[PDB]
Each structure stands twice: as structure tokens, then as C-alpha cells.
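Novice: Handing you a structure now.
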Amino acid sequence: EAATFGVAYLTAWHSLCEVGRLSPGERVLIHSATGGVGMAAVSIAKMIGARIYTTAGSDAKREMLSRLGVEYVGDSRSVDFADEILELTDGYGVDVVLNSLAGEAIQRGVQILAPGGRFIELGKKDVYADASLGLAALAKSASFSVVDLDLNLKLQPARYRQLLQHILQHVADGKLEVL
Amino acid sequence: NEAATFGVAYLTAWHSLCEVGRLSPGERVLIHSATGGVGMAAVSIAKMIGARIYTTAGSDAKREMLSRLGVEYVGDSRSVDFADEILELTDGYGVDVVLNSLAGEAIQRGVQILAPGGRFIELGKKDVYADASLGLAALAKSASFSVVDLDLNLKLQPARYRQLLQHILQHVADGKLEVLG
Ligand code: NA
Ligand code: NA
Ligand code: NA
Ligand code: NA
Ligand code: NA
Ligand code: NA
Ligand code: NA
């Protein structure tokens with residue numbers, strides 16, 4: 001779904017760069033990638049030079065993604081992306097997941113983390129309140145972090161005003177192309 | 001052996017507090033078993049950052065050693081009383097970062113005292129939490145749970161960790177990080 005430019009970019013940069021430590025060559029899975037946050041995430045991932053794996057909910061959205069030159073475009077309405085990506089990666093998986101999918105997608109996305117992997121949950125507390133995670137799934141230096149941008153902005157508005165200026169400098173100096 | 005011990009302690013504490021934990025000035029960090037090698041590396045790096053340091057240790061003499069370092073709190077690493085104790089001391093706030101090497105009930109009780117935005121860093125080997133589970137509602141206020149296995153990390157990315165250890169040592173050589181004993 002849509003998000004304003006400031007929400008989309010703050011969410012995607014805090015999630016991929018600060019929490020997710022995304023670095024060149026790493027494999028990132030961005031669910032719902034045609035949405036506001038998803039496209040900010042694909043724009044940032046391209047700046048960093050990560051390998052980009054995506055999903056979306058319609059043929060037309062998926063077609064828009066195949067045109068961006070990414071490694072993988074799967075269906076956000078199914079959990080088939082997990083096996084598809086393991087197949088594609090010869091068992092590696094991905095280094096960071098930026099998740100906005102509900103239910104089985106959370107467990108499957110945690111399952112396909114590589115060693116050192118970072119799972120970032122953007123869903124509302126609703127989505128995972130009942131859910132539990134087995135800590136054995138994080139043992140190979142992996143992590144699970146929730147990002148609630150509304151809360152973060154409420155608690156640290158100065159820090160996020162500064163981060164927005166930082167991100168926009170990258171736009172102004174041509175480092176970050178807004179897609 | 002001495003050079004290696006120091007590199008493991010400092011790589012563990014710096015990757016955990018600075019890279020994974022994003023520790024920043026004035027944040028509250030809980031360092032368990034703070035008189036151990038990694039624990040002391042983390043106290044030293046927390047002092048460099050200007051965090052507010054909460055600690056535990058397992059004897060009276062080790063607790064006294066920590067009280068002499070000038071930290072906010074020294075509690076018992078063999079009890080889960082620290083969780084209530086720190087909530088009382090911080091008037092309900094809890095802590096921003098937990099650097100955990102305790103097994104058992106201390107893992108759930110340290111996750112419960114994370115502030116919003118809090119980061120729990122688990123240093124135990126896998127056998128410590130192999131059948132442990134975490135309700136994800138516990139992470140809802142922008143919180144996170146990260147395992148750090150430095151042995152694994154060194155196998156996987158040796159050049160990156162060589163660069164990090166050089167950075168740390170340069171910081172110490174230049175007086176920016178004081179190694180505490
Ligand atoms: Na705009
Ligand atoms: Na979609
Ligand atoms: Na799918
Ligand atoms: Na695992
Ligand atoms: Na205990
Ligand atoms: Na914070
Ligand atoms: Na949440």
C-alpha cells in the first residue's frame with residue numbers, strides 16, 4: 001500500500017541501513033515491493049548494490065518489478081517464495097528480509113535467513129501478537145527486529161528529522177535515485 | 001593465547017554493542033557477568049560511548065570490583081531479581097540494550113525489561129536456548145532479539161573481522177578507547 005515519501009524512505013532506510021546493516025552484495029528480500037515502503041527499499045538497495053528479491057500481489061505489480069532488473073519476483077499471496085528463493089540460491093537463502101506479510105510468511109521468511117541474517121518485521125502488533133518464535137531459528141548469528149515507525153517518530157522526533165535530512169542529501173547529491 | 005583472548009573479547013563486545021546494538025550516548029545498557037573478558041570489554045566500550053551501565057556478577061568480590069568502576073547498578077547474575085531491581089531503579093523504563101550471557105529464566109526476564117526500541121543481544125551457544133521460544137508480542141515496541149556467535153562470524157567473514165579488530169586496536173592505540181581491567 002501507499003505511504004508518503006517521508007514515511008516510505010524513513011521506514012526503508014531505518015530498516016535496511018540502521019537495523020538491517022545491508023551491505024553490497026548481500027541478498028535482500030523485500031515483500032510487497034511495489035508499495036511505498038517497498039519501492040523506497042528497492043531504491044535504497046540499488047544504491048547499496050544489494051541483490052534484490054521481491055514479491056507482489058498481482059501480475060501487473062509483478063510485471064512492474066521484473067522491469068526494475070531484480071533477481072527474483074514472487075507472489076506475496078503465497079509462501080511459495082521461500083522454496084523458490086532457496087532453489088534459486090542453492091540453499092543459501094537471504095541476508096535480510098523486510099517483511100510486511102502475515103501468518104505463515106513470517107515463519108517461512110525467518111526460515112530462509114542465511115547465517116548472519118536479519119529479519120525485519122513491519123507488520124502491526126496485530127499480525128504477530130499470538131505468534132511465537134523458536135530461538136533455535138536465530139542461532140546462526142541471526143536476528144528478528146520489529147520496526148514501528150509511528151512509535152519511533154513519537155519517541156525520537158529529532159533523530160528522525162536528522163535522518164530525513166541525511167537521506168535527502170543522498171537524493172540531492174545523486175547517490176540515491178528515487179524509483 | 002593472550003592476544004587471541006583480547007581480540008575475541010573486544011570483537012565480541014564491539015560487534016555486539018556498536019554494530020548490532022547501535023548503542024548510543026545516554027542509553028542504558030545491561031551487561032551480564034560484567035567482570036568476565038567480554039563483560040569488561042563491553043564495560044570499556046560502554047564507557048567510551050557514554051552509556052549508562054547496568055551490570056551483574058556472581059560473587060560479592062566481583063560485584064565490589066564493578067561498584068568501583070562507577071556504574072549505575074550492580075546486581076546478582078545468579079538470580080532473576082535484577083529485572084525487578086532495574087525496573088525500580090529506572091522508574092519503569094528498563095534498558096535500551098541487553099548483552100546477555102545468562103541461561104534459563106534470565107533470557108525471558110531480560111527481554112521483558114527492554115524499553116521501546118530495545119535490543120536484546122544473546123551471546124550463548126545454541127544449546128542454551130535450543131528449545132526456548134520467544135513470544136513475538138514481546139518485541140512489539142520496535143524491539144529486537146539478535147544472536148551473536150563470534151566464532152561463526154569469524155569463519156564466515158574473516159577479512160571483515162580483521163578490519164574490525166584493526167579499527168578497535170587503532171582506537172585503543174590513539175587513546176579513544178580505554179581498556180579497563
Ligand atoms: Na516526492
Ligand atoms: Na502487492
Ligand atoms: Na510466494
Ligand atoms: Na539456526
Ligand atoms: Na539466573
Ligand atoms: Na531507540
Ligand atoms: Na509492532
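Following the order of the C-alpha cells, first chain is A, next is B, and so on, with residues numbered from 1 inside each chain and ligands from 1 in the order they appear.
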I'd like a table as CSV: residues in chain B with an atom no more than 9 Å from chain A, each row giving the shortest atom pair and its distance in Å to one decimal, only C-alpha atoms counted, sorted by chain and rising residue number.
Specialist:
residue,atom,partner,partner_atom,distance
B:19,CA,A:21,CA,8.2
B:20,CA,A:19,CA,7.7
B:21,CA,A:19,CA,8.9
B:22,CA,A:18,CA,8.1
B:116,CA,A:152,CA,8.4
B:117,CA,A:152,CA,7.5
B:119,CA,A:145,CA,8.3
B:121,CA,A:143,CA,8.9
B:124,CA,A:139,CA,9.0
B:125,CA,A:139,CA,7.6
B:126,CA,A:139,CA,5.6
B:127,CA,A:136,CA,8.5
B:129,CA,A:135,CA,6.1
B:130,CA,A:136,CA,4.8
B:131,CA,A:136,CA,6.8
B:132,CA,A:135,CA,5.6
B:133,CA,A:134,CA,4.3
B:134,CA,A:133,CA,5.2
B:135,CA,A:132,CA,4.2
B:136,CA,A:132,CA,5.5
B:137,CA,A:129,CA,4.6
B:138,CA,A:129,CA,8.4
B:139,CA,A:146,CA,6.3
B:140,CA,A:125,CA,5.9
B:141,CA,A:148,CA,6.9
B:142,CA,A:147,CA,4.6
B:143,CA,A:146,CA,5.6
B:144,CA,A:145,CA,3.9
B:145,CA,A:144,CA,5.5
B:146,CA,A:143,CA,3.9
B:147,CA,A:141,CA,4.7
B:148,CA,A:141,CA,4.7
B:149,CA,A:141,CA,5.3
B:150,CA,A:141,CA,8.0
B:152,CA,A:140,CA,7.3
B:153,CA,A:141,CA,7.3
B:156,CA,A:115,CA,8.5
Novice: Would you list the residues that come within 6 Å of ligand 2? Count only C-alpha atoms and all ligand atoms and give the answer as a ChimeraX atom specification.
Specialist: /A:32,56-57
Novice: For residue 67 of chain B, work out the shell of residues within 12 Å, counting only C-alpha atoms and skipping chain neighbours fewer than 2 positions away, then give it as a ChimeraX atom specification.
Specialist: /B:34-35,53-57,60-65,69-75
Novice: If you run DSSP on this backbone, which residues of segment 56-114 of chain A come out as strand (DSSP E or B), and could you give them as a VMD selection string?
Specialist: chain A and resid 56 72 to 75 94 to 99 113 to 114
Novice: Can you spit out the residues from that selection as a tab-separated table (two decimals), in the first residue's frame, using N, CA, C and O atoms?
Specialist:
chain	number	residue	atom	x	y	z
A	56	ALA	N	5.11	-9.49	-4.93
A	56	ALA	CA	3.98	-8.61	-5.07
A	56	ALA	C	2.72	-9.41	-5.39
A	56	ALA	O	2.81	-10.56	-5.69
A	72	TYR	N	14.61	-11.66	-8.56
A	72	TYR	CA	13.53	-12.54	-8.29
A	72	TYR	C	12.30	-11.76	-8.00
A	72	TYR	O	12.33	-10.74	-7.32
A	73	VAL	N	11.19	-12.22	-8.61
A	73	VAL	CA	9.89	-11.63	-8.37
A	73	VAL	C	8.93	-12.78	-8.10
A	73	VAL	O	8.60	-13.52	-9.04
A	74	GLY	N	8.40	-12.88	-6.88
A	74	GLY	CA	7.50	-13.95	-6.47
A	74	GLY	C	6.13	-13.38	-6.06
A	74	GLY	O	5.86	-12.22	-6.12
A	75	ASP	N	5.26	-14.26	-5.62
A	75	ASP	CA	3.90	-13.88	-5.21
A	75	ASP	C	3.77	-13.66	-3.72
A	75	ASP	O	4.02	-14.61	-2.94
A	94	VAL	N	18.48	-15.71	2.11
A	94	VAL	CA	18.73	-14.29	2.02
A	94	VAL	C	19.35	-13.71	3.32
A	94	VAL	O	19.25	-14.27	4.36
A	95	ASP	N	20.01	-12.58	3.18
A	95	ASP	CA	20.69	-11.93	4.28
A	95	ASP	C	19.77	-11.00	5.06
A	95	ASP	O	19.95	-10.87	6.21
A	96	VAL	N	18.78	-10.41	4.38
A	96	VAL	CA	17.84	-9.52	5.14
A	96	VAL	C	16.48	-9.72	4.51
A	96	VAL	O	16.36	-9.85	3.27
A	97	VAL	N	15.48	-9.81	5.37
A	97	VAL	CA	14.08	-9.82	4.97
A	97	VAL	C	13.38	-8.59	5.52
A	97	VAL	O	13.42	-8.32	6.67
A	98	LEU	N	12.73	-7.85	4.64
A	98	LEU	CA	11.90	-6.72	5.03
A	98	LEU	C	10.45	-7.15	4.85
A	98	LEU	O	9.94	-7.13	3.79
A	99	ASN	N	9.87	-7.60	5.94
A	99	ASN	CA	8.58	-8.25	5.90
A	99	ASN	C	7.38	-7.42	6.22
A	99	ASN	O	7.33	-6.76	7.20
A	113	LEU	N	16.44	-17.26	6.29
A	113	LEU	CA	17.61	-16.43	6.58
A	113	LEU	C	18.89	-17.25	6.44
A	113	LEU	O	18.99	-18.37	6.94
A	114	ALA	N	19.89	-16.61	5.83
A	114	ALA	CA	21.27	-17.16	5.85
A	114	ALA	C	21.87	-16.99	7.25
A	114	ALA	O	21.34	-16.19	8.05
Novice: For residue 82 of chain A, find every residue with an atom within 9 Å (counting only C-alpha atoms), except residues of its own chain fewer than 4 positions away, and show them as a PyMOL selection string.
Specialist: chain A and resi 86-87+93+105+108-109+111-112
Novice: Select the residues contacting ligand 5 at a distance of at most 6 Å, based on only C-alpha atoms and all ligand atoms, then format the selection as number ranges by chain.
Specialist: B: 77-80, 106
Novice: Hey, can you spit out that residue selection with N, CA and C atoms as a PDB file, in the first residue's frame?
Specialist:
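Contents of again_39.pdb, freshly written:
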ATOM      1  N   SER B  77      24.123 -11.908  39.080  1.00  0.00           N
ATOM      2  CA  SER B  77      23.951 -12.739  37.864  1.00  0.00           C
ATOM      3  C   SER B  77      23.389 -14.127  38.095  1.00  0.00           C
ATOM      4  N   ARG B  78      23.267 -14.508  39.361  1.00  0.00           N
ATOM      5  CA  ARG B  78      22.677 -15.851  39.648  1.00  0.00           C
ATOM      6  C   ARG B  78      21.236 -15.811  40.068  1.00  0.00           C
ATOM      7  N   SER B  79      20.582 -14.667  39.918  1.00  0.00           N
ATOM      8  CA  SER B  79      19.212 -14.548  40.249  1.00  0.00           C
ATOM      9  C   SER B  79      18.495 -13.813  39.102  1.00  0.00           C
ATOM     10  N   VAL B  80      17.165 -13.847  39.060  1.00  0.00           N
ATOM     11  CA  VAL B  80      16.445 -13.036  38.060  1.00  0.00           C
ATOM     12  C   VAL B  80      15.926 -11.727  38.746  1.00  0.00           C
ATOM     13  N   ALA B 106      16.684 -15.985  32.917  1.00  0.00           N
ATOM     14  CA  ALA B 106      17.219 -14.629  32.702  1.00  0.00           C
ATOM     15  C   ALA B 106      16.983 -14.182  31.289  1.00  0.00           C
TER      16      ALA B 106
END
Novice: Please give me, as JSON, numbers by chain, the residues lying within 9 Å of ligand 1 when counting only C-alpha atoms and all ligand atoms.
Specialist: {"A": [4, 5, 6, 178]}
Novice: With N, CA and C atoms retained, write the just-selected residues as a compact mmCIF listing (two decimals), in the first residue's frame.
Specialist:
# COMPACT_ATOMS: atom_id res chain seq x y z
N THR A 4 3.45 7.95 2.27
CA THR A 4 4.07 9.19 1.85
C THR A 4 5.53 8.95 1.64
N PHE A 5 6.13 9.81 0.85
CA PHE A 5 7.57 9.76 0.61
C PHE A 5 8.36 9.73 1.98
N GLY A 6 8.04 10.57 2.97
CA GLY A 6 8.85 10.60 4.22
C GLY A 6 8.67 9.28 4.96
N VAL A 178 15.49 7.94 -6.53
CA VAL A 178 14.14 7.61 -6.07
C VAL A 178 13.37 6.96 -7.16
Novice: With distances taken over only C-alpha atoms and all ligand atoms, which of A:2, A:158, A:100, A:71 is nearest to ligand 7?
Specialist: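 Using only C-alpha atoms and all ligand atoms, the shortest distance to ligand 7 belongs to A:100.
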Novice: Which residues, written as a PDB file with N, CA, C and O atoms, in the first residue's frame, have at least one atom at most 10 Å from residue 35 of chain A, with only C-alpha atoms counted and residues fewer than 4 positions away on the same chain left out?
Specialist:
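Once everything was written out, this is around.pdb:
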ATOM      1  N   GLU A   1       0.809  -1.188   0.000  1.00  0.00           N
ATOM      2  CA  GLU A   1       0.000   0.000   0.000  1.00  0.00           C
ATOM      3  C   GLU A   1       0.849   1.247   0.000  1.00  0.00           C
ATOM      4  O   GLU A   1       2.042   1.206   0.129  1.00  0.00           O
ATOM      5  N   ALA A   2       0.206   2.373  -0.186  1.00  0.00           N
ATOM      6  CA  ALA A   2       0.953   3.577  -0.426  1.00  0.00           C
ATOM      7  C   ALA A   2       1.424   4.139   0.880  1.00  0.00           C
ATOM      8  O   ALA A   2       0.865   3.874   1.903  1.00  0.00           O
ATOM      9  N   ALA A   3       2.470   4.928   0.832  1.00  0.00           N
ATOM     10  CA  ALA A   3       2.918   5.614   2.008  1.00  0.00           C
ATOM     11  C   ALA A   3       3.491   6.899   1.481  1.00  0.00           C
ATOM     12  O   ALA A   3       3.983   6.906   0.379  1.00  0.00           O
ATOM     13  N   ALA A   8       7.809   6.335   3.700  1.00  0.00           N
ATOM     14  CA  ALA A   8       8.339   5.263   2.880  1.00  0.00           C
ATOM     15  C   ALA A   8       9.892   5.257   3.107  1.00  0.00           C
ATOM     16  O   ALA A   8      10.505   4.194   3.431  1.00  0.00           O
ATOM     17  N   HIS A  31       9.307  -7.767   0.576  1.00  0.00           N
ATOM     18  CA  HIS A  31       7.913  -8.165   0.272  1.00  0.00           C
ATOM     19  C   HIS A  31       7.131  -6.961  -0.101  1.00  0.00           C
ATOM     20  O   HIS A  31       7.420  -5.820   0.281  1.00  0.00           O
ATOM     21  N   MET A  39       9.097   0.184  -2.555  1.00  0.00           N
ATOM     22  CA  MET A  39       9.895   0.873  -3.550  1.00  0.00           C
ATOM     23  C   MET A  39      11.002   1.741  -3.006  1.00  0.00           C
ATOM     24  O   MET A  39      12.029   1.860  -3.661  1.00  0.00           O
ATOM     25  N   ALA A  40      10.818   2.314  -1.820  1.00  0.00           N
ATOM     26  CA  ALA A  40      11.892   3.114  -1.159  1.00  0.00           C
ATOM     27  C   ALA A  40      13.030   2.068  -0.855  1.00  0.00           C
ATOM     28  O   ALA A  40      14.221   2.317  -1.090  1.00  0.00           O
ATOM     29  N   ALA A  41      12.591   0.898  -0.350  1.00  0.00           N
ATOM     30  CA  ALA A  41      13.560  -0.203  -0.068  1.00  0.00           C
ATOM     31  C   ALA A  41      14.267  -0.677  -1.316  1.00  0.00           C
ATOM     32  O   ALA A  41      15.495  -0.880  -1.303  1.00  0.00           O
ATOM     33  N   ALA A  56       5.114  -9.486  -4.931  1.00  0.00           N
ATOM     34  CA  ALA A  56       3.979  -8.605  -5.072  1.00  0.00           C
ATOM     35  C   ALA A  56       2.720  -9.410  -5.388  1.00  0.00           C
ATOM     36  O   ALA A  56       2.813 -10.560  -5.688  1.00  0.00           O
ATOM     37  N   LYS A  61       1.663  -5.863 -10.950  1.00  0.00           N
ATOM     38  CA  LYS A  61       2.678  -5.391  -9.966  1.00  0.00           C
ATOM     39  C   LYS A  61       3.945  -6.203 -10.184  1.00  0.00           C
ATOM     40  O   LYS A  61       5.056  -5.635 -10.284  1.00  0.00           O
TER      41      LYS A  61
END
Novice: Within 12 Å of residue 49 of chain A, counting only C-alpha atoms, which residues qualify if same-chain residues fewer than 4 places away don't, as a list in words?
Specialist: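 So the residues in contact are residues 22, 23, 24, 25, 26, 27, 28, 41, 42, 43, 44, 45, 70, 175 and 176 of chain A.
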Novice: Kindly provide, as a PDB file with N, CA, C and O atoms, in the first residue's frame, all nucleotide and amino acid residues lying within 6 Å of ligand 3, counting only C-alpha atoms and all ligand atoms.
Specialist:
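For reference, part05.pdb as written:
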ATOM      1  N   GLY A  74       8.403 -12.880  -6.882  1.00  0.00           N
ATOM      2  CA  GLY A  74       7.497 -13.950  -6.475  1.00  0.00           C
ATOM      3  C   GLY A  74       6.131 -13.382  -6.065  1.00  0.00           C
ATOM      4  O   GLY A  74       5.862 -12.219  -6.122  1.00  0.00           O
ATOM      5  N   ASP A  75       5.258 -14.258  -5.625  1.00  0.00           N
ATOM      6  CA  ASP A  75       3.903 -13.883  -5.207  1.00  0.00           C
ATOM      7  C   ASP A  75       3.770 -13.660  -3.717  1.00  0.00           C
ATOM      8  O   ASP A  75       4.017 -14.608  -2.935  1.00  0.00           O
ATOM      9  N   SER A  76       3.363 -12.453  -3.325  1.00  0.00           N
ATOM     10  CA  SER A  76       3.221 -12.056  -1.924  1.00  0.00           C
ATOM     11  C   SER A  76       1.979 -12.751  -1.295  1.00  0.00           C
ATOM     12  O   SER A  76       1.806 -12.791  -0.074  1.00  0.00           O
ATOM     13  N   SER A  78       1.341 -15.979  -1.304  1.00  0.00           N
ATOM     14  CA  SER A  78       1.637 -17.364  -1.124  1.00  0.00           C
ATOM     15  C   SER A  78       2.959 -17.402  -0.335  1.00  0.00           C
ATOM     16  O   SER A  78       3.635 -16.394  -0.193  1.00  0.00           O
ATOM     17  N   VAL A  79       3.314 -18.579   0.147  1.00  0.00           N
ATOM     18  CA  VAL A  79       4.508 -18.752   0.897  1.00  0.00           C
ATOM     19  C   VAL A  79       5.458 -19.530   0.000  1.00  0.00           C
ATOM     20  O   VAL A  79       6.484 -19.950   0.416  1.00  0.00           O
ATOM     21  N   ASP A  80       5.117 -19.688  -1.297  1.00  0.00           N
ATOM     22  CA  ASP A  80       5.973 -20.375  -2.260  1.00  0.00           C
ATOM     23  C   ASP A  80       7.329 -19.656  -2.463  1.00  0.00           C
ATOM     24  O   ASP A  80       8.325 -20.318  -2.856  1.00  0.00           O
ATOM     25  N   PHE A  81       7.360 -18.346  -2.167  1.00  0.00           N
ATOM     26  CA  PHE A  81       8.654 -17.609  -2.273  1.00  0.00           C
ATOM     27  C   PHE A  81       9.765 -18.269  -1.490  1.00  0.00           C
ATOM     28  O   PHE A  81      10.911 -18.099  -1.881  1.00  0.00           O
TER      29      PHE A  81
END
Novice: DSSP on the backbone, alpha helix (DSSP H) only: what residues of chain B does that give? Format it as an MDAnalysis selection string.
Specialist: chainID B and resid 2:14 37:49 60:68 81:89 105:112 150:156 158:173
Novice: Atom CA of residue 27 of chain B to atom CA of residue 95 of chain B: how many Å, to one decimal?
Specialist: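 So the two atoms, atom CA of residue 27 of chain B and atom CA of residue 95 of chain B, lie 7.6 Å apart.
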Novice: Please identify all polymer residues within 7 Å of segment 82-84 of chain B, counting only C-alpha atoms, omitting same-chain residues fewer than 6 positions from it, and present them as a list in words.
Specialist: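 What passes the distance filter is residues 75, 76, 109, 110 and 113 of chain B.
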Novice: Could you tell me how far atom CA of residue 180 of chain B lies from atom CA of residue 89 of chain B, in Å and to one decimal?
Specialist: 25.4 Å
Novice: By how many Å are atom CA of residue 23 of chain B and atom CA of residue 48 of chain B apart?
Specialist: 10.7 Å
